[PDB]
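Protein chains in written order, with the authors' numbering: chain B, 3 to 123; chain A, 3 to 123; chain C, 3 to 123; chain D, 3 to 123. Remarks on the structure that follows.
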Ligand SMILES: C[C@@H]1NC(=O)N[C@@H]1CCCCCC(=O)c1ccc2ccc3cccc4ccc1c2c34
Ligand SMILES: C[C@@H]1NC(=O)N[C@@H]1CCCCCC(=O)c1ccc2ccc3cccc4ccc1c2c34
Ligand SMILES: *[C@@H]1O[C@H](CO)[C@@H](O)[C@H](O)[C@H]1NC(C)=O
Ligand SMILES: *[C@@H]1O[C@H](CO)[C@@H](O)[C@H](O)[C@H]1NC(C)=O
Ligand SMILES: *[C@@H]1O[C@H](CO)[C@@H](O)[C@H](O)[C@H]1NC(C)=O
Ligand SMILES: *[C@@H]1O[C@H](CO)[C@@H](O)[C@H](O)[C@H]1NC(C)=O
């Protein structure tokens, strides 16, 4: 019932487009963040992920990686597709944003965490 | 070159194998977890990710999704490949483990967080 | 301007009451969660925290621990008090919920993560 | 068996001293981080927390807030006191570091996450 393919926007105004989900739960897309910590121009960035198919849930868990094109960083998102009380779909996700550090001693400070809620455009 | 390709084990005893990293930073592999939250007999599970290639860092950031084959869950990992003080490679990662819940009202409890350190086998 | 003292509710329906913040940034209160992971019954539970006072910010960062009275668990929250575009106050927080485990080998699964948004009652 | 009172060091070299745990599980102490991202001199900073006393566990969960004296930030830690195979105590903790941001629109980027392991000094 709750399918990742298509166009989504989040609570921060960011957009993503996810393509077809193949029989193995794999998908690809693009991500346009509306926000950045960096002082660079934001670029559309590719994403790759999977959606869990065990017991063929109508509201499956999923995960994807966003490989940013304007920074040395990587973000991963994980969450679940729900059908809220109206029949409306909603992705409830959490993410980790990993920055690059030069030295292994700075590893401790390299990872940020937050949430995003996506709905269809 | 701190390279993701090859065989890795973590501090919990889990194993992963990552294949070739193509010119777009994409890779695939398999994951055998040594631990679970789940009711089930553990199965080798596929993973898909990307390694960031901006400025071609010798210690790049990366992310990957593990699409578990014995549970309704998904885990995402993100981190960075370092060359420690010996010349040994080490992946420092953090993860988010998303469980499935039946009801959107239980979403709050569905996400666990932790770390793992990988070294070569 | 944005003061922790008083009564707050969150997006999950939980309530908290925070007493006076002394000259060291310390405060105490109580927390009544509207949600829990088990069927044991919920009890009002104490909280203890501090609010950062460096540069006496009108929107300071803060942290508090909730010492649950119906579980072996502990939750910590950290966040910042903002004055949104209207003059309304809002606490943006993240939390870590640590469960007890009885073997150190299960430590990996003991920590959950999420967010909460509080506004005044 | 596993008591928070005393002097502890972590895997990054940071030290903390925790005072008596009163009958309500409350404790106070001081934290000297060995690392910082800020361009300031590190200062000893106060901590306030609680240890969970439900069922009087010999290895309880706990939480504490560190009110930093050289930045506008706050850190919270949560974890559990274990007695390792040898009768060694160990604190396994996770933390959230909340930075101050000027604008609520930057909230998303204000929270970092990690772990620490403490042992007695
Ligand atoms: C921070 C969130 N926002 C809010 O407003 N409230 C939320 C916190 C939930 C309240 C914690 C008590 C709890 O869920 C538990 C209550 C009771 C439990 C009993 C056994 C348990 C075993 C293993 C893990 C457990 C985790 C949690 C248990 C529990 C566990
Ligand atoms: C919890 C960890 N384990 C320990 O033993 N000590 C660690 C805590 C570090 C001390 C916090 C002060 C700090 O470095 C910061 C304090 C304040 C900050 C404000 C803005 C920031 C933006 C980007 C990166 C930042 C990094 C660090 C910032 C900071 C940052
Ligand atoms: C998101 O999509 C909407 C509608 O397609 C568009 O108007 C908006 O500008 C997009 N936002 C970003 C950040 O690209
Ligand atoms: C990981 O590989 C090691 C060494 O090859 C092996 O002994 C171990 O059983 C593997 N772990 C799992 C969980 O299969
Ligand atoms: C919090 O306060 C509101 C309004 O006073 C009340 O209706 C609600 O049930 C309270 N929630 C809990 C969990 O006590
Ligand atoms: C921690 O304590 C040890 C032993 O007393 C000391 O040698 C070390 O410098 C301390 N570290 C910090 C950051 O204060």
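Positions of the beta carbon are idealized from the N, C-alpha and C atoms, including for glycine.
Grouping DSSP H, G and I as helix and E and B as strand, with all else coil, what is residue i?
i: residue 57 of chain B; result: helix
i: residue 10 of chain B; result: strand
i: residue 106 of chain D; result: helix
i: residue 111 of chain D; result: helix
i: residue 48 of chain D; result: strand
i: residue 95 of chain D; result: strand
i: residue 28 of chain C; result: strand
i: residue 69 of chain B; result: strand
i: residue 37 of chain C; result: coil
i: residue 88 of chain D; result: coil
i: residue 23 of chain B; result: coil
i: residue 42 of chain C; result: coil
i: residue 4 of chain C; result: coil
i: residue 116 of chain D; result: strand
i: residue 81 of chain B; result: strand
At a cut-off of 8 angstroms, would you count residue i as near ligand 4, judging by its Cβ distance to the nearest heavy atom?
i: residue 98 of chain D; result: no
i: residue 32 of chain A; result: no
Can residue i be considered in contact with ligand 2, in the sense that its beta carbon sits closer than 8 angstroms to one or more heavy atoms?
i: residue 10 of chain A; result: no
i: residue 93 of chain D; result: no
i: residue 37 of chain D; result: yes
i: residue 74 of chain D; result: yes
i: residue 79 of chain D; result: yes
i: residue 71 of chain D; result: no
i: residue 114 of chain D; result: yes
i: residue 45 of chain D; result: no
i: residue 110 of chain B; result: yes
i: residue 14 of chain D; result: yes
Is residue i near ligand 3, judged by its Cβ being under 8 angstroms from some heavy atom?
i: residue 118 of chain B; result: no
i: residue 17 of chain B; result: yes
Going by the beta-carbon positions, is the gap between residue i and residue j smaller than 9 angstroms?
i: residue 98 of chain A; j: residue 39 of chain A; result: no
i: residue 121 of chain D; j: residue 91 of chain D; result: yes
i: residue 15 of chain C; j: residue 31 of chain C; result: no
i: residue 24 of chain C; j: residue 119 of chain C; result: no
i: residue 65 of chain A; j: residue 69 of chain B; result: yes
i: residue 61 of chain A; j: residue 88 of chain B; result: no
i: residue 106 of chain B; j: residue 84 of chain A; result: yes
i: residue 67 of chain C; j: residue 67 of chain D; result: yes
Does any heavy atom of ligand 5 sit closer than 8 angstroms to the C-beta of residue i?
i: residue 149 of chain C; result: The structure shown does not extend to residue 149 of chain C, since chain C is modelled only from 3 to 123, so the question has no answer here.
Shorter than 8 angstroms, the distance from the beta carbon of residue i to the closest heavy atom of ligand 1, or not?
i: residue 6 of chain B; result: no
i: residue 49 of chain C; result: no
i: residue 102 of chain C; result: yes
i: residue 40 of chain C; result: yes
Report back the beta-carbon spacing between residue i and residue j to the nearest angstrom; my notes put them in contact at under 8 angstroms.
i: residue 50 of chain A; j: residue 81 of chain B; result: That pair is no contact at about 16 angstroms.
i: residue 3 of chain D; j: residue 19 of chain D; result: Not really, about 20 angstroms apart at Cβ, beyond 8 angstroms.
i: residue 108 of chain A; j: residue 94 of chain B; result: Incorrect: roughly 10 angstroms between the Cβ atoms, too far for contact.
The segment 27–44 of chain B in contact with the segment 72–82 of chain B per 3-pair CB rule at 8 angstroms: Contact between the segment 27–44 of chain B and the segment 72–82 of chain B is present: 3 or more CB-CB pairs across the two stretches fall below 8 angstroms.
Any 3 or more C-beta pairs closer than 8 angstroms across the segment 60–75 of chain A and the segment 46–62 of chain B: The segment 46–62 of chain B and the segment 60–75 of chain A touch, with three or more beta-carbon pairs separated by less than 8 angstroms.
Three CB pairs or more closer than 8 angstroms across the segment 100–115 of chain C and the segment 106–115 of chain A: Touching, yes.
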